[PDB]
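Report on one structure; see the data block that follows.
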Number of protein chains: 2
Amino acid sequence: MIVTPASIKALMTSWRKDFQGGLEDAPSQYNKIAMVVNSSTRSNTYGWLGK
Amino acid sequence: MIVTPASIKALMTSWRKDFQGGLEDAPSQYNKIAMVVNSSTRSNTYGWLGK
């Protein structure tokens, strides 16, 4: 039994980094209700014709 | 006749860049009355000798 200081013994560990991003957010559901459109200016003007 | 709204009718214009430089500045005529000397440091000193 090689008597070892606690500080040195603590360094004998393995980094696993498996819990990263574990707690995500609620799933996105806006794609069922909205349509994505782009823009290239201060605003976006929509126009359509009547029947 | 298609009764378009006011904003749609206002967007139906063409952009022209004939007014770009605005009004040009006055002519530069300070070389006729001033002598131009180049400085190289914090200030210039001039000295002459009396008659």
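Going by the structure tokens order, chains are called A, B, ..., each with residues numbered from 1, while ligands are numbered from 1 in the order shown.
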Each chain B residue no farther than 10 Å from chain A, nearest pair in Å, only C-alpha atoms, as CSV:
residue,atom,partner,partner_atom,distance
B:2,CA,A:49,CA,8.6
B:3,CA,A:49,CA,9.7
B:4,CA,A:49,CA,8.8
B:5,CA,A:47,CA,9.6
B:7,CA,A:45,CA,9.2
B:8,CA,A:47,CA,7.8
B:11,CA,A:45,CA,9.6
Residue subset to file, keeping N, CA, C and O atoms, as an mmCIF file, in the first residue's frame:
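Saved result, again29.cif, follows:
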data_model
loop_
_atom_site.group_PDB
_atom_site.id
_atom_site.type_symbol
_atom_site.label_atom_id
_atom_site.label_comp_id
_atom_site.auth_asym_id
_atom_site.auth_seq_id
_atom_site.Cartn_x
_atom_site.Cartn_y
_atom_site.Cartn_z
ATOM 1 N N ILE B 2 -58.065 47.411 -60.870
ATOM 2 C CA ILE B 2 -57.656 46.800 -59.611
ATOM 3 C C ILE B 2 -57.447 47.919 -58.598
ATOM 4 O O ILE B 2 -56.641 48.825 -58.820
ATOM 5 N N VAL B 3 -58.172 47.858 -57.483
ATOM 6 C CA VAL B 3 -58.090 48.895 -56.458
ATOM 7 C C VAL B 3 -56.990 48.563 -55.456
ATOM 8 O O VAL B 3 -57.249 48.003 -54.386
ATOM 9 N N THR B 4 -55.756 48.925 -55.791
ATOM 10 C CA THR B 4 -54.636 48.652 -54.908
ATOM 11 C C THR B 4 -54.612 49.648 -53.748
ATOM 12 O O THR B 4 -55.098 50.774 -53.877
ATOM 13 N N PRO B 5 -54.056 49.255 -52.604
ATOM 14 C CA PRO B 5 -53.944 50.186 -51.475
ATOM 15 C C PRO B 5 -52.948 51.299 -51.766
ATOM 16 O O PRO B 5 -52.297 51.345 -52.811
ATOM 17 N N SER B 7 -50.150 52.145 -49.973
ATOM 18 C CA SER B 7 -48.744 51.791 -49.793
ATOM 19 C C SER B 7 -48.191 51.077 -51.023
ATOM 20 O O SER B 7 -47.052 51.323 -51.442
ATOM 21 N N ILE B 8 -48.984 50.180 -51.612
ATOM 22 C CA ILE B 8 -48.539 49.480 -52.811
ATOM 23 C C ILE B 8 -48.318 50.466 -53.950
ATOM 24 O O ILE B 8 -47.316 50.392 -54.670
ATOM 25 N N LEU B 11 -45.070 52.328 -53.382
ATOM 26 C CA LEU B 11 -43.872 51.549 -53.670
ATOM 27 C C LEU B 11 -43.559 51.449 -55.157
ATOM 28 O O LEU B 11 -42.475 50.975 -55.513
#
Which RMSD value, in Å, describes how well chain B fits onto chain A when all C-alpha atoms are paired in order and fitted by least squares? 2.6 Å
Could you please write out, as a PyMOL selection string, every residue of chain B that DSSP assigns to helix (DSSP H, G or I)? chain B and resi 6-10
Any chance you could export the current selection's C-alpha atoms as a PDB file, in the first residue's frame?
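Output saved as out-v6.pdb:
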ATOM      1  CA  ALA B   6     -51.990  53.391 -50.996  1.00  0.00           C
ATOM      2  CA  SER B   7     -48.744  51.791 -49.793  1.00  0.00           C
ATOM      3  CA  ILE B   8     -48.539  49.480 -52.811  1.00  0.00           C
ATOM      4  CA  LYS B   9     -49.070  52.442 -55.141  1.00  0.00           C
ATOM      5  CA  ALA B  10     -46.389  54.381 -53.239  1.00  0.00           C
TER       6      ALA B  10
END
Report, in Å to a single decimal, how far apart atom CA of residue A:32 and atom CA of residue A:44 are.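 Computing it gives 21.9 Å between the two atoms.
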